[PDB]
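Coordinate analysis (summary)
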Amino acid sequence: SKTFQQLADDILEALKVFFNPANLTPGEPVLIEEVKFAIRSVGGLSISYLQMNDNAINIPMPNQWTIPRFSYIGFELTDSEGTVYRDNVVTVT
Amino acid sequence: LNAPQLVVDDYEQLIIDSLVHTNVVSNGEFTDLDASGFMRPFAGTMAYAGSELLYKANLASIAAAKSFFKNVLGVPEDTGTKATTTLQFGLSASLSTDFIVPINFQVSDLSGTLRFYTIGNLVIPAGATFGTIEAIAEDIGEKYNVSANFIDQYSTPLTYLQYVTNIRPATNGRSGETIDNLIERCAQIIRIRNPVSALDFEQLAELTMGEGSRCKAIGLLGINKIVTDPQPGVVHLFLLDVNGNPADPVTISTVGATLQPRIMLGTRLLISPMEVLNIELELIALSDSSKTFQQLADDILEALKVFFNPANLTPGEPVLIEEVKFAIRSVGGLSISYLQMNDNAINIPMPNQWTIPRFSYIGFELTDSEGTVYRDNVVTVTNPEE
Amino acid sequence: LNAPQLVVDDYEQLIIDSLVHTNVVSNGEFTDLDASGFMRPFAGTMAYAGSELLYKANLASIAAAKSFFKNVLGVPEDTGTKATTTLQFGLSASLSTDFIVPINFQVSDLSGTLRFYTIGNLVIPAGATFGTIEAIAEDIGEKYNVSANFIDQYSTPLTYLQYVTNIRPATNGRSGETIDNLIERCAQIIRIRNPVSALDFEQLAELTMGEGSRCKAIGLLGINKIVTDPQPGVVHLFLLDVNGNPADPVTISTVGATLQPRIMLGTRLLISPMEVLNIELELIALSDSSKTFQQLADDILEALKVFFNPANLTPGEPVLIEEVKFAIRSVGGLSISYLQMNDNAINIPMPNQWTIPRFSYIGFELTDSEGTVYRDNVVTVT
Amino acid sequence: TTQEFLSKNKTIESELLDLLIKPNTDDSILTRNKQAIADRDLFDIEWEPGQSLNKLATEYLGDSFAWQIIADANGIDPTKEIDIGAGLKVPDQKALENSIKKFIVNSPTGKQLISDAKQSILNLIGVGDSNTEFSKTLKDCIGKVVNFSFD
Amino acid sequence: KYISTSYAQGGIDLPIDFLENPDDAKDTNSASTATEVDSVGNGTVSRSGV
Amino acid sequence: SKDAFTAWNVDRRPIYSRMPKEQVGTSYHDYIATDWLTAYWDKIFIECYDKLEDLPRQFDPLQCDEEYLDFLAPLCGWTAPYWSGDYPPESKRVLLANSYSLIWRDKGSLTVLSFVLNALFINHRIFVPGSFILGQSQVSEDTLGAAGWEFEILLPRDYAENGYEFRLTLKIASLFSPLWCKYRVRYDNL
Amino acid sequence: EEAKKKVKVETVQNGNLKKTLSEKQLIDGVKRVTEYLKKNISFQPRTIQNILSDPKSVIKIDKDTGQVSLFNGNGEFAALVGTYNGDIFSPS
C-alpha cells in the first residue's frame, strides 16, 4: 500500500517521536512491545522480527537516571512480491 | 477523501502569510508583521472571507468524484444495520384460546439498556406453550450483538405469559461503514461483470446472501477438496451464512440458483459450507491506570470482536500474533506483556484454504502500577460448534 | 455521499459576517458596518472576487467530471454536433488531368440558410466524371438535417463542374445534450458485458445475424459432434440463417469475426450450421359451420406458420402433437378428429440437440355437419 | 454438504439481486443547472464596450451578486472573454419567479409542495433566509456541540 | 418565528438519549439473593426463583 | 465594476483592479497602501484560479500528476489486491487509462491479461498446451490437439525464478485469468 | 440591521458569541485546540491526560458559545479546556 522509501521515512519519524526525551521516562525499561506498536502504528507494514541491542527482549535501565536514546535502525523490508529493501540509518547528531 | 489540496486554507496561516507578503511586496516599507498586532483586524477580516472561500474551492475534485459515484451509479448511503434475534415466548398454562403477542413487543437484557422489538404478531395456538418470532434491535450498533439467553426482561405484562428469551445470539449489529468500505462497495459495482477470478468472492459475501456473510472461491477444487488434484472447469465456493455459521443447505441452494445463469457454460459450480477454527486467547498485560480494569476488559473485548469479524478476515489466511497484539494495543491505556493463542505464542495457520478463524474464549490477567492483579475470563461463542 | 455545494449561498451574508468578525477580532472596537467604513469596500470586493472564484470552481469541478467521462469512461459530452453529408460532384467533361476541388467548398440549399463545406480536398482522377467527398454543416443544430438532393446550390462556379449534390441525407445534427442523456450514456458503458451463458451467446449471435435467425449454444460439444465424448472448454454454436435455412459459411464467418474477441481465455468457440427436420401434417377436422372451409384453411395455415416460427421453437426439443393440436384448435371454428405428423400420431423426438423443426406440408381434410368434404394440400417449403 | 450446480440461463433469484448500475440524476454538482429559464422570459442584449456581468446584474436584476444567474442562463465562464457584439440573455426580475417549478412530493408524513429551479435562482430567492421558516434555522443549530476527534 | 414548529425523530434525527433524562433511571434486574433452600438432602437445594 | 476577463486574465488583480479609480487624487488606486494590502489575496486567488483551470486535466490519467493516480484509482474500479501503491506510476497511468474500455469490459480474455502483464513491464507469452506446436512438430506424423481450460505464462530467462516477475505474474494471473482455468507460470523453452 | 445592532452591544463573554462558528471555523478551532493540548500535555491535570490517552475520547466544540470540552470513551463529560471564538483559542 506504500513505497519502500515512504515506509522507511514514516517508520523513522515514528521512532524519532517515540524516543523523544519528553516521551521517555528515565529509569524505565524500554519495552520491545512498545517499539513494535510504535512501528506498526505507521500502518502500511506487518512486523515479523524486531531486535533491540542484539536481543529480542526488554532492555532494563542500568539505573533510575538512564534515559534511552535512538541511535541506529536497520531496515529489512519485504513485499508480497519478494522485493527486499535494505537500509541502515544512523540517527546521531 | 484522499484528494490533493489545491491551495492553503487556514485562518491563522492566511493571516501570517498575508502580513509577510505585504512586507515582501513593498521593499520593507510595511514592517508590522506581528500576526497579533495592530494589523490583525484588517488581516483577520480578509482571512475570514479567504478561508471561507478557499475551503469550498478545495472541494471541487472530491465533489466531482462524489457526483460520479452518486449519479451514474446510484449507491445507497449506508447508515447501519440493526441486530436481529429469535425470541421464544413461553406461557404459564395451557389455554383454551389462542394467545397473541402483539407486534413491537419490547424485551430487554438484565441491565435494561439493550432493547429489542418483535417484528410481527405472534400467534400461539390454543394448547401450545411456546412460540418463536424474530426481534430487531432498537438501534444500530455492535453493542446489540448479545449472546443467547441474554434478552429475557420484559416490562409490559401479558396474561399467562411466563417467560421470554432469545434462542439465538443477536448478530449483524453494525454502526455503519467507513469511507474505504463504501469505496470498495462502489468499486465492486464497477468491476463485477461476468464473475471470473474470485469475483465469486464478492458476489455472495455481501450480495444475494445478506450482509454479514462470507464466501471463499477456489478454482480447480473437486468434490474431494484436495488441492493436489486440480479439475479444470471447476469452481468451488465455501460459504459462511449471515449468522456467522457454516452455510445452511437452503442458503446453498439459494446461492446456486442465483449464480447459475452467470457462470460460463460447460463449467461446474460446487458450493459447500465453510469451516471455522476456534481461537482462544490469554492476555497478560500491564495497565497504565488510565482506565479501570472493567473498562479495559470491555475495550479489549470489543476491539477483538471487531478484529475477528468475518468481514475483516480472509478465509484460509493465517492469524498473525503480532497483528492481534497490535489490535489489542490499539485500545490504549495498557502495555502487553504476553499473549497466547491456542496454547502457543506462534502464528496460527488455517488447516486448509477454506477455514475462517473465530475467536471464542479470552482470559485477562491485568496488572496495574499499584500491584493489583485483575483476572477474568470471557466466553464469546454459544458452544464450540456455534 | 452527497456532494458539497461549492458556491456560497449568500454573499452579502459573507460580507456582514466578515464585518462582525472584525469586531470579534478587535474585541468591541471596530463597529462600523456601512459602506462609508474603512473595511466594507475591501470586504465587499474580496467577496465579489470570491464569488467569481467559486463560480469558476463549480465550472471546474463539472468540467473535471466531464473530462473523466471523456478520457476514462470513453463517452464524450456532446455540446452540439455539426451535421455531415456526402457530396457528389459531377463533371461536364472527362478531363485528361486531375480535377482538384479545394477544401471548404461552400454549397447550400435553395434558400441559402443552410450552408455546408467540404471537409477535405477532392481529387477527381483523369478519366473520371464524378467524385464523392464528405461535407460538414456551417453550424450545430438539428435544422441542418435535410434529405437527399436538397443541398445543391453553390456560388463559385468552376469550369467543367456540371452539378453538385448530396447523395446522402445530412445526419448527426444535434444542438446539445441534457445531463440526463449524458448520465445514462455513461451508465451504458459500465453495463457492458461479455456473453458467458448459453442464452447470452445465442442472443449475441441473433443480434449479429438479424431478426428471423436462431442460434443454439451447447457446452462441451466437440468438433465431431459426439455427445458421449465431451471436450473441456468448448462452446459449440449452431446457427439457423435469417431466411430459416441452415447458416452458410459466409454467415458462419460473419458471426465468428464478431464473437471471437468476446470469448475469454481457455475457451474454444466452434460454429456449425444448424440441422432442419421437415414436418408433414395430415389433418382431419370437423368444422362447426361457423366459418367457411377456405377461411378455416387460411387460419389454420397461418396459426401453424406462427407455431413453427424459429423464434417459437426451442432447438433440440421434441415436437409435441398435443401442442400442435392445441395451436390448430386455438382458431376456434373447428374440432380436430385426427392429426398425423410424419405418418404417426406420437410426439416426434429430434435426432440431436441441434435440430430445429420446420414444417413443409399440410393436408387439410375438413368436414362440416352436412358432410361436405374440403380437401387441400399446402406445401410451405420454399 | 457440497451441491453440484451446472450452468443455467434465466433465473429469478438472480433477478432479485440483479441490476446495480443506476443512472439516476440526484442532487450533485452536475445537476444544479438542469432547470432552464424559458426563452420567452429573457432579454436578448448585445455586448458593448464597457460592459460587465456586474453591470448587467445591477441594471436588470437590481443586485450585484445576481450575475451568477446571468452566466448560468448563458453557459458563460465569466473569467473568459465575451466578444464585442456577442449576444447575451439576461433574465427579467419579475419573470424569474415563473422559473420556480412547484410540485407535490409524497412522504410518510404527508404531501409537500416543493420548489425546483436552477440552484442560482434558489440561492437568490432565499437570500437573507426570508423564505425559510424559523423552525428550520433552529433545527440546524440544535446540534451545536459537535463531536471532534483528537489525535 | 413564534408559530413555526418542527419535529425531529427519535433515532433518525437525534440520538435517543437526547430525549431521556438520567434522573429516571430505568428499572434493571439481577439474580435474586433470596432463594429458599431445601435442607432435606434430596436433589438440588434452590427451590424458588428461576 | 469591470469584467472578470480583464480582472483575472489581464490585470491578474481580481480584488485590487476592482477598487474604485474614478476620483483621481482621492481614491483607492491613488494610494499605494491599497495595492500593497491586497497583493497577497490577489496572489492566492490567482494561484487557486490556475489550479481550478488545470483541474480538468488532473482527471486524465495520461496527463494528470502522480498525486492524482491514487485518488482516481477508486473511480476506475481499482481497489483491493487489484491495485497497489508499489506499482510504478507509468503502469498506474496505463492501467487507469484503459479500465472502462479494455480491462473491466473484457476481463478474462487473453488480450486483457496480456495487456495487464505488459503494462507492468513483464515480457511474457501465453501458450495453450497442444500436440501440434508450429516450431518443431512434423506434419507427417504429429497430430492436432488442444488443452481446453489450460494455459501457461512463459517468461524469458532474464528474470529470476520465483523472483519479482514470477510472483507478480502469479498475482496478476490469479486476479485476471478465469478461475476455473488451470495456469502455470514457467520459463520460456525458446 | 441586526448585525450592526449586535456589533454595538458588548459581547457577553460568558454565553453566546455574536458570530456563530461556521464549519471551517470549527475545523480551525479543533486544529488550535489539538495544537494547544499537544503542547501542554505535561501540565494537564492527571484527569485530563488520562482521558487524552484514550483513543475513544472526543472533544466537543459548542457551535454557538465556542466552549470546548473533553468527553471520555463512555461519552460522559470529563473536563473543559477553554473557549474558541472566530480567531483565537483561549484556554481556561
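First things first, this report covers the structure right here in the doc.

Right, let's talk about the overall build of chain A for a bit. Along the backbone of chain A there are two helices and two strands. When the helices and strands of chain A are listed from N to C terminus, the series reads α-α-β-β. Every one of the 93 residues in chain A was classed for burial, and the buried ones make up 37%. Contacts in chain A between residues at least 24 apart in sequence constitute 52% of all its contacts with a sequence separation of at least 6. For chain A, the exposed surface amounts to about 6000 Å²; the carbon and sulfur share of it is 51%. Of the charged side chains in chain A, 6 are positive and 11 negative; the average position of the first set lies 2 Å away from that of the second.

Moving on: the overall build of chain B. The secondary structure content of chain B amounts to eight helices and 15 strands. Rg of the C-alpha trace for chain B: 28 Å, well past the compact-globule value of 21 Å for 386 residues, more than 25% over. Overall size of chain B, expressed as C-alpha extent along the three principal axes, is 100 × 60 × 50 Å. Relative to its full complement of 386 residues, chain B shows a buried share of 54%. Sequence-distant contacts in chain B: of pairs separated by 6 or more residues, those separated by 24 or more amount to 66%. With an accessible surface of roughly 15800 Å², chain B has 53% of that area assigned to carbon and sulfur atoms. Across chain B, 23 positive and 44 negative side-chain charges occur, with their mean positions spaced 7 Å apart.

Glancing now at the nonpolar core. B:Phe68, C:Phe69, F:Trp78 and F:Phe176 are the most contacted members of the largest nonpolar core, which totals 167 residues. The element contributing the most residues to this core is helix α2 (residues 39–73) of chain C, with 18 residues. By size, the runner-up hydrophobic cluster in this structure holds 36 residues, among which are B:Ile279, B:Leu281, B:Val319 and B:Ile362.

Turning to the pairing of strand β1 (residues 58–61) of chain G, a few remarks are in order. The side chains of a regular strand alternate, first on one face of the sheet and then on the other. Of the two faces of β1(G), the one holding G:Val58 and G:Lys60 and the one holding G:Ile59 and G:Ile61 are both buried throughout. Sheet analysis places strand β6 (residues 146–149) of chain D next to β1(G), joined by four bridges and oriented antiparallel. Within β1(G), the residue paired with D:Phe148 across the bridge is G:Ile59. The sheet contact formed by β1(G) and strand β2 (residues 67–71) of chain G spans four bridges and is antiparallel. Directly across from G:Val58, in β2(G), lies its bridge partner G:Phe71.

Residues and elements named next belong to chain C. Strand order in this open sheet of three strands is β8-β9-β10, and the pairing throughout is mixed. In this open sheet, the two edge strands, each paired with only one partner strand, are β8 (214–221) and β10 (268–273). The average angle at which neighbouring strand axes cross in this sheet is 25 degrees, direction not considered. Against the sheet, helix α5 (residues 249–259) contacts β9 (230–240) and β10, and its axis sits at roughly 160 degrees relative to β10.

What follows is about helix α3 (residues 67–74) of chain D. Among the eight residues of α3(D), six are classified as buried, and the element is accordingly described as predominantly covered. Taken as a whole, α3(D) has its buried residues at D:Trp67, D:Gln68, D:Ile69, D:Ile70, D:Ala71 and D:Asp72. Where α3(D) is buried, its residues contact α1 (11–25) and α2 of chain C together with α2 (53–61), β3 (90–91) and α4 (119–125) of chain D.

Here we come to the pairing of strand β5 (residues 112–116) of chain D. Residue and element names in this part refer to chain D. By the bridge criterion, five bridges tie strand β4 (residues 101–105) to β5 in an arrangement that is antiparallel. Paired with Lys-102 across the strands is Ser-115, a residue of β5. Here β4 folds back onto β5, and the loop between the two strands holds six residues.

All right, on to unusual backbone geometry then. Notably, B:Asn172 is not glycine yet its phi reads approximately 60 degrees, a positive angle. By the element assignment, B:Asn172 lies in the loop between β8 (161–166) and α4 (179–190). Not every positive phi belongs to a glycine, and F:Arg12 is a case in point at roughly 55 degrees.

Turning next to the environment of C:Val7. All names here are of chain C. The residue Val-7 is located in the segment before α1 in this model. Judged by relative accessible area, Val-7 falls into the buried class, the value being 12%. When the C-alpha atoms of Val-7 and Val-255 are compared, they prove to be 54 Å apart, with 248 residues separating the residues in sequence.

Attention shifts here to the packing of aromatic side chains. Counting across every chain of the model gives 46 aromatic pairs over all chains. Relative to B:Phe308, the ring of B:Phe307 has its centre 4.8 Å away and its plane inclined at 85 degrees; by these criteria the two rings are edge-to-face. Consider the rings of F:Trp104 and F:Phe176, whose centres lie 6.0 Å apart with planes at 15 degrees: the pair is stacked. With F:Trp104 in the loop between α6 (99–103) and α7 (110–119) and F:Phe176 in helix α8 (residues 164–176), this residue pair connects regions lying 72 residues apart in the sequence. With respect to class, F:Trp104 is no different from F:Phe176; both count as buried. Following the ring pairs from residue to residue traces out a cluster consisting of F:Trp78, F:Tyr82, F:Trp83, F:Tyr87, F:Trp104 and F:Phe176. Sitting over the face of the ring of C:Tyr144, C:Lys143 holds its NZ or CZ atom 5.3 Å from the ring centroid. The aromatic ring of G:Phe71 is capped on one face by G:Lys60, whose charged end is 3.8 Å from the ring centroid.

Another aspect to go through is the interface of chain B and chain F. Contact residues are listed per partner, giving 53 residues for chain B and 42 residues for chain F. Summed over both partners, the interface of chain B with chain F comes to about 4000 Å²; 77% of that surface belongs to carbon and sulfur atoms. Three residues stand out in chain B for area buried against chain F, namely B:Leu6, B:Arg191 and B:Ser197, and they jointly supply 16% of the buried area on that side. Connecting chain B to chain F are zero salt bridges. Going through the elements one at a time, α1 (11–25), α2 (40–57), α3 (60–71), α4, β9 (214–221) and β10 (230–240) of chain B are the ones with two or more residues in the side of chain B that touches chain F. Ranked by residue count, the leading element in the side of chain B that touches chain F is α2(B), at eight residues.

Looking now at the sheet that holds strand β13 (residues 355–367) of chain C. Residue and element names in this part refer to chain C. Read across the sheet, four strands follow the order β12-β11-β13-β14 without closing on themselves; strand pairing throughout is mixed. Only two strands of the sheet have a single neighbouring strand rather than two, namely β12 (336–341) and β14 (373–378). Ignoring which end each strand starts from, the neighbouring axes of this sheet average 20 degrees apart. Note that strand β11 (residues 275–286) and β12 share five bridges and pair antiparallel. In the sheet register, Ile-284 faces β12, and the bridge partner there is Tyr-338. Against the sheet, helix α6 (residues 293–307) touches β11, β13 and β14, its axis set at about 165 degrees to β13.

Glancing now at helix α2 (residues 23–39) of chain G. Residues and elements named next belong to chain G. With 17 residues, α2 ought to run about 24 Å at 1.5 Å a step, and its terminal C-alpha atoms sit 24 Å apart, in line with that. Here α2 has its buried residues at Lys-24, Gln-25, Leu-26, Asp-28, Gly-29, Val-30, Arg-32, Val-33, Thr-34 and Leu-37. The backbone nitrogen of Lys-24 lies 3.5 Å from a side-chain oxygen of the residue at the head of α2, namely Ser-22.

Before going further, it helps to examine the interface of chain B and chain E. Contacts between chain B and chain E engage six residues on the former and five residues on the latter. Summed over both sides, the interface of chain B with chain E buries roughly 430 Å², with 44% coming from carbon and sulfur. Taken together, the connections running from chain B to chain E amount to zero salt bridges. Across the chain B-chain E interface, the total number found is two residue pairs in polar contact. Among the residues forming the side of chain B that touches chain E, the class breakdown is one nonpolar, four polar and one charged.

Turning our attention to a nonpolar patch on the surface. All names here are of chain B. Taken together, the side chains of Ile-16, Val-20, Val-24 and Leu-33 present a nonpolar region at the surface, about 290 Å² in accessible area. Residue position: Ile-16 is located in helix α1. Look at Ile-16 and you get partly exposed, because its relative accessible area is 33%.

Okay, the state of the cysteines next. Evaluated as defined, the whole model comprises zero disulfides over all chains. Free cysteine: B:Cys186, not disulfide-bonded; nearest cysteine sulfur from F:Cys76 at 14 Å. The exposure class assigned to B:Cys186 is buried, which follows from its relative accessible area of 2%.

Turning to the packing of α7(F) against α8(F), a few remarks are in order. All names here are of chain F. Running from amino to carboxyl end, α7 crosses α8 at an angle of 150 degrees, the nearest separation of the two axes being 10 Å. When the interaxial angle is binned, α7 and α8 end up roughly antiparallel. Where α7 crosses over α8, the handedness of that crossing is right-handed. Between α7, through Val-112, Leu-113, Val-116 and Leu-117, and α8, the contact on the second element is made entirely by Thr-169, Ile-172, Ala-173 and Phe-176. Here the contact of α7 with α8 is composed, by residue class, of seven nonpolar, one polar and no charged.

Cut-off values and rules
Residues numbered from 1 in each chain as written, not as in the entry; some residues may be left out. Chains lettered and ligands numbered in written order. Part of a larger assembly, values for the part shown. Heavy atoms only, no water. Helix = DSSP H or I, 4+ residues; strand = E, 2+ residues; numbered from the N terminus. Buried < 20%, exposed > 50% of the residue type's maximum accessible area, 1.4 Å probe, protein only. Contact = heavy atoms within 4.5 Å. Areas by Shrake-Rupley, 256 points an atom, 1.4 Å probe, with all protein chains shown as cover. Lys, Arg positive; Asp, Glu negative; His and termini not counted. Charge placed at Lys NZ, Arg CZ, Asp CG, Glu CD. Rg over C-alpha atoms; globule rule 2.2 N^0.38 Å. Core = buried A, V, L, I, M, F, W, Y, C linked by side-chain atoms within 4.5 Å. Pairing = 2+ DSSP bridges. Axes fitted to C-alpha atoms, helices over the stretch in contact; angles between N-to-C directions. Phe/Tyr/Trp six-rings, centres within 6.5 Å; stacked < 30°, edge-to-face > 60°. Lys NZ or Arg CZ within 6 Å of the ring centre and 35° of its normal. Buried area = accessible area lost by both parts, 1.4 Å probe. Salt bridge = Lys/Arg side-chain N within 4 Å of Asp/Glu carboxyl O. Expected span 1.5 Å × (residues − 1). Polar contact = N/O pair within 3.5 Å; in protein donor to acceptor, adjacent residues only side chain to side chain. Nonpolar A, V, L, I, M, F, W, Y, C, P; charged D, E, K, R; others polar. Patch = residues over 30% accessible without salt bridge, like charges linked within 9 Å, V, L, I, M, F, W, Y side chains within 5 Å. Disulfide = S-S within 2.5 Å. Parallel < 35°, antiparallel > 145°, perpendicular 65-115°, else oblique. Left-handed = near helix turned anticlockwise from the far one by under 90°.

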